[PDB]
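> Sharing a structure with you now.
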Amino acid sequence: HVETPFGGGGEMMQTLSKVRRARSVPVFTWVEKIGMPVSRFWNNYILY
Amino acid sequence: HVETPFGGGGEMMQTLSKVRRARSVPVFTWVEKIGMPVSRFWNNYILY
Amino acid sequence: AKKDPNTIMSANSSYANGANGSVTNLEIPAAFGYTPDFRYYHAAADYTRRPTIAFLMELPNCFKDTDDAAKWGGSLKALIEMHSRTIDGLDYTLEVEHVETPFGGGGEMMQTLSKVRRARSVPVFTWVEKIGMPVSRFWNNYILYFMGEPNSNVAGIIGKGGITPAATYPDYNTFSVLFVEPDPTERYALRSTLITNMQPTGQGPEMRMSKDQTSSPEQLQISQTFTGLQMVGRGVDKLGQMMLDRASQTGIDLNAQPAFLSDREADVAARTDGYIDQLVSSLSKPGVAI
Amino acid sequence: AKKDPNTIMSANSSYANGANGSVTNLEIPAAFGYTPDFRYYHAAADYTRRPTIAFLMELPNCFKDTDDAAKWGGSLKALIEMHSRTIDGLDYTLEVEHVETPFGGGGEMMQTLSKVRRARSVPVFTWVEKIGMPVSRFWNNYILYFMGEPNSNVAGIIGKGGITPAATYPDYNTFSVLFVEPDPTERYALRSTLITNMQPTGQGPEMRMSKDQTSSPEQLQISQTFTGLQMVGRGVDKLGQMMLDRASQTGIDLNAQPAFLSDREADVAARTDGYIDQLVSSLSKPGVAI
Amino acid sequence: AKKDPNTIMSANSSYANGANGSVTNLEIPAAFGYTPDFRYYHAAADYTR
Amino acid sequence: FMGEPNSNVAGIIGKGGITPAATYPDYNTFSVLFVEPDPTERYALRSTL
Amino acid sequence: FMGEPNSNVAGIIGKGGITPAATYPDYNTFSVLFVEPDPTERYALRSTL
């Protein structure tokens with residue numbers, strides 16, 4: 001919103017300005033297995 | 001108020017200047033119900 | 001029970017000039033020398049501070065232009081003098097300033113007096129709210145009608161016709177108070193300060209609202225701060241002593257006052273079922289042969 | 001306490017001719033030789049500057065043609081002497097100028113005395129503004145009537161009749177002031193100055209206006225610089241000492257002055273709902289027995 | 001409260017000619033002499049624009 | 001002869017004419033001598049004042 | 001003896017005939033000697049003037 005004083009008393013008049021939305025940042029979590037397949041999968045994905 | 005020295009000793013003279021009043025910023029609180037009536041109501045209110 | 005006749009200053013003079021009550025000699029052999037002496041322990045009795053008494057000395061002239069100025073004055077007097085839960089902010093401590101100049105190069109300094117000053121008092125009264133919220137009403141309306149109104153910054157009283165000019169001078173909407181610290185017996189004044197030009201500064205009553213039905217209802221306390229021009233010296237000590245000379249206590253006993261209940265109400269008597277009624281009406285009276 | 005008898009000049013003479021108070025002896029050893037000596041620490045007490053005093057000496061003759069000369073003179077006197085918040089711009093320093101020729105081709109030079117001059121004083125008074133705007137009105141009307149008027153460039157007083165010729169002379173619309181810089185006790189005058197031919201120059205009061213309802217009302221600081229023509233010497237020192245001998249301080253004790261209020265107000269005493277009133281009327285007094 | 005009767009100019013004359021409200025009397029003792037006097041503190045009320 | 005809880009002032013002061021110096025210990029304090037005697041109670045072995 | 005805030009001048013000057021040299025330190029200053037003795041309070045281990 002935006003404000004402007006409604007007289008000198010200390011009150012404000014508010015006018016809608018803009019509306020937005022949040023943003024997602026996904027984060028997954030795993031536990032390694034015997035032989036470390038998860039780390040191999042992701043590292044080789046990135047590398048190749 | 002305002003201020004002006006009454007001599008050099010350290011006493012002070014004050015004169016009334018202005019009067020103002022505080023402001024209200026209402027804040028309601030609710031608890032969600034089966035379905036999601038409150039969240040749906042408010043989100044759709046803002047959107048439409 | 002006897003003490004050294006030189007324990008009490010023979011006459012209040014020199015630094016003790018103008019004092020009201022008895023003062024210790026300050027020349028009796030005191031402790032913290034080679035050894036203490038039990039012949040002079042009466043002089044080791046110590047000062048202990050006591051609560052301050054505040055007297056209203058003047059009223060604003062704005063009350064005259066209102067209706068029921070008597071009520072306004074009475075409520076102001078009661079609030080300042082009797083309802084005061086606490087009072088703070090009083091202070092007239094001294095302060096001294098010097099200068100420096102090297103005395104050679106070793107690290108020794110020479111000093112010469114430059115100025116002497118004094119501290120300021122910032123009165124702060126506190127109260128606890130009563131049913132009907134009378135204190136908040138009183139102070140809010142004082143500020144709104146005798147000082148200013150937030151939206152226009154003009155006193156509401158000016159709406160009434162015939163308000164005299166010179167309503168902007170402090171005496172139109174300011175008052176005075178006299179503060180005295182007494183001795184334990186409340187017969188002699190030990191300190192005083194005469195502050196004038198007082199009216200609220202900063203915040204007023206709290207004025208907050210909220211809903212929580214599981215919360216326990218709570219008390220309200222009112223804190224207000226005031227302006228002030230404080231005066232001290234021997235002229236005000238005499239005034240404080242004169243004010244405290246009134247409010248004498250001769251003939252007063254707080255342990256022989258009559259009970260505020262003189263007797264049991266008439267309904268209790270009407271009931272006729274209790275301790276005394278058993279003896280009066282229930283038990284038989286055959287006489288005692290035993 | 002005791003100090004060396006030779007600390008003070010035995011008699012004021014040579015460069016101390018005309019000095020008023022006691023002047024330290026510069027022949028006593030100082031602290032910056034081989035090593036400071038504690039026997040001469042009294043003479044190390046330092047000079048410390050104290051505020052100057054303004055004494056009005058003469059009035060403009062234009063006051064005579066006005067409706068009330070006493071009011072104009074009293075207002076000018078109070079403004080110069082008692083209402084002056086600060087003063088600045090007094091200076092009578094010396095300044096020496098030399099002519100220089102080389103003493104060979106290696107860099108040396110012979111320097112010879114050529115001239116000696118003195119600085120100037122530009123008094124600047126400042127005040128703080130009061131209800132009704134008396135100071136600004138006083139100064140603006142002074143400039144408008146006893147000095148030029150912007151639309152005609154002629155004095156407003158001459159609108160009247162009978163103003164004598166020679167109205168264009170300094171004695172018509174100028175005054176004089178004597179400035180004295182006293183000692184800590186204000187019994188002896190250490191520095192002095194006598195400036196004549198004084199009237200406003202530069203810019204008068206501010207006189208600007210604006211609208212803003214979200215900004216707190218503000219004070220008005222008034223400044224004014226004046227013309228002058230100063231004198232300094234020993235006759236001026238005698239004049240300053242003669243002024244300072246007056247305004248005696250004997251009998252004055254500000255810690256024993258009576259309070260500006262001697263007793264509580266009559267309306268305050270009429271409410272009978274205070275601290276004293278409860279004792280006087282509310283509580284019973286059956287006596288004390290034990 | 002009580003203040004000295006001479007605090008306010010009784011009549012608007014001399015340099016106060018044409019003044020509308022109440023103009024303080026300028027011959028009252030001020031706070032910047034030898035010392036201030038508490039009997040004349042009503043006359044120290046300041047100007048606010 | 002000591003404080004009273006509600007007012008914190010001695011009740012004796014309700015009698016006018018009580019001299020000043022009522023705050024000193026001699027007004028409202030006393031003294032005692034303690035002795036430890038021997039079995040025959042003729043000689044003092046320990047004492048305190 | 002030192003100063004008064006409202007005038008920054010000693011009140012004693014309100015009498016007559018105070019010495020013109022009243023502004024020197026010997027007028028309103030004193031001296032003390034500090035000594036630290038031994039356990040027997042017979043010898044001065046350290047001193048300060």
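> Using a 10 Å cut-off around each Cβ of peptide D:20-27, what is the average number of partner chain Cβ atoms that fall inside? Working shown, then result.
Details: counts 1, 3, 6, 0, 1, 0, 0, 0.
Rounded to a whole number, the mean comes out at 1.
> Apply 1/(1 + (r/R0)^6) to the Cβ-Cβ distance of residue D:255 and residue E:6, taking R0 = 30 Å, and write down the FRET efficiency to the nearest 0.05.
Once the sixth-power term is evaluated, E becomes 0.60.
> Quick check on the exposure proxy: order C:163, C:143 from fewest to most C-beta atoms within 10 angstrom. The partial results should precede the final answer.
Working: C:163 14, C:143 19.
With the sparsest Cβ surroundings first, the list reads C:163, C:143.
> Taking every pair of Cα atoms in chain B, average 1/r, invert it to obtain the Kirkwood radius, and report Rg/Rh to two decimals.
My calculation puts Rg/Rh at 1.60.
> Follow-up. GNM on chain C, C-alpha springs below 10 Å: top fluctuator among C:263, C:183, C:253?
C:263
> Given a Förster distance of 25 Å, report the FRET efficiency between residue F:18 and residue D:270 from their Cβ-Cβ distance, rounded to the nearest 0.05.
E between residue F:18 and residue D:270, to the nearest 0.05, is 0.15.
> Students often get this wrong, so check it: of D:130/E:3; C:2/D:285; C:71/C:130; D:77/D:238; B:18/D:130, which have C-alpha atoms separated by over 24 Å? Provide the component values of the computation, followed by the final result.
Values: D:130/E:3 16 Å; C:2/D:285 33 Å; C:71/C:130 17 Å; D:77/D:238 22 Å; B:18/D:130 17 Å.
Beyond 24 Å: C:2/D:285.
> Pull up all non-local amide H partners of residue E:23: gap of 5 or more, or a different chain, and H-to-H distance under 5 Å with H placed in the peptide plane.
Under 5 Å from the amide H of residue E:23 lie the amide H atoms of E:9, each far enough along the sequence or on another chain.
> Hey, what did region D:170-290 get for relative contact order, percent, Cα under 8 Å, at least 6 apart? Don't jump to the answer; show the numbers that get you there.
Working: 104 pairs, mean separation 28.2, N = 121.
It comes to 23 percent, rounded to a whole number.
> In region C:130-162, which residues have a backbone nitrogen under 20 Å from the label point lying 7 Å from residue D:218's Cα in the Cα-to-Cβ direction?
Of the residues in region C:130-162, C:153 have backbone N under 20 Å from the label point off residue D:218.
> Bin width 10 Å, origin at 0, all Cα-Cα pairs of region D:119-160: what percent of pairs per bin?
Final binned percentages: 24, 36, 32, 8, 0.
> Taking other Cβ within 10 Å of each residue's Cβ, how do D:285, C:77, D:64, D:71 sort, fewest first?
Values: D:285 14, C:77 25, D:64 11, D:71 20.
With the fewest neighbours first, D:285, C:77, D:64, D:71 line up as D:64, D:285, D:71, C:77.
> Next question, about the same structure. Can you give the mean number of other chain Cβ atoms that lie within 10 Å of the Cβ atoms in peptide D:271-282? Walk me through the numbers on the way to the answer.
On the way: counts 11, 2, 8, 10, 13, 9, 5, 3, 5, 3, 0, 0.
Partner Cβ neighbours, averaged per residue: 6.
> Still on this structure, please answer the following. When all alpha-carbon pairs of chain D are counted, what percent fall beyond 24 Å?
Roughly 72 percent, once rounded to a whole number.
> Follow-up. When the helices in the protein assembly as shown are scored as -39500 (n - 2.57) per DSSP H run of 4 or longer and the sum is shared across all residues, what 222 nm value do you end up with, to the nearest 500 deg cm²/dmol?
-4000 deg cm²/dmol
> Full-extension gain between residue C:44 and residue C:154, please, as 0.36 nm times their residue separation minus the C-alpha to C-alpha distance. The partial results should precede the final answer.
Values: separation 110, 0.36 × 110 = 39.60 nm, distance 5.93 nm.
Working it through step by step, the gained length comes to 33.7 nm.
> Would you mind computing, in nm to one decimal, how far apart the modelled labels at residue D:15 and residue B:39 are, each placed 7 Å from Cα along Cα→Cβ?
Simple spin-label model gives 9.1 nm for this pair.
> Quick one: plug the Kirkwood hydrodynamic radius of chain G (C-alpha pairs) into Stokes-Einstein at 25 °C, 0.890 mPa s, and report D in µm²/s. Could you put the intermediate results ahead of the total?
Details: Rh = 14.2 Å.
Estimated via Stokes-Einstein, D reaches 173 µm²/s.
> Something else: If you take the Cα Rg of the protein assembly as shown and divide it by 2.2 N^0.38 Å, with N the number of residues, what do you get?
Ratio of Rg to 2.2 N^0.38 Å for the protein assembly as shown: 1.38.
> Per q in 0.19 1/Å, what log10 I(q)/I(0) does a Debye calculation on the alpha-carbon atoms of region D:154-290 return?
-1.15
> What does the average come to when, for each residue of peptide G:7-18, you count the partner chain Cβ atoms lying within 10 Å of its Cβ?
Across G:7-18, the average partner-chain Cβ count within 10 Å equals 6.
> So for chain F, averaging the separation of alpha carbon pairs under 8 Å that are six or more residues apart and normalising by length, what relative contact order in percent results?
Working: 37 pairs, mean separation 10.9, N = 49.
About 22 percent, as a whole number.
> Identify all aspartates and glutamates with a Cα-Cα distance to residue G:15 below 19 Å; exclude those on the same chain that are fewer than 8 residues away in sequence.
D:183, D:186, D:245, D:253, G:4
> If you don't mind, there's one more thing I want to ask. Would you list D:82, B:36 from fewest to most Cβ contacts within 10 Å? Kindly include the intermediate steps, with their values, before the conclusion.
Numbers: D:82 18, B:36 10.
Listed from fewest to most nearby Cβ atoms, that is B:36, D:82.
> A follow-up question, please. Quote to one decimal, in nm, the extra length available between residue D:121 and residue D:225 on full extension: 0.36 nm per residue of separation minus the C-alpha distance between them.
Details: separation 104, 0.36 × 104 = 37.44 nm, distance 1.05 nm.
Difference between extended and current length: 36.4 nm.
> Using only alpha carbon pairs under 8 Å that are at least six residues apart, calculate the relative contact order of chain C and give it in whole percent.
Reported relative contact order: 17 percent.
> Continuing with the same structure: More than 25 angstrom separation, counting every C-alpha pair in region D:13-119; what % is that?
Looking at region D:13-119, the distances longer than 25 Å represent 64 percent of pairs.
> Now, a different point. Give me the distance in nm between label points sitting 7 Å out from Cα along the Cα-to-Cβ direction at residue A:27 and residue D:176, one decimal.
Placing both labels 7 Å along Cα→Cβ, they lie 8.7 nm apart.
Computed from the coordinates by the stated procedures, all read-outs in this text should not be read as laboratory data. All Cβ positions, even for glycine, are placed from backbone atoms using ideal geometry, and neighbour counts span all protein chains on display.
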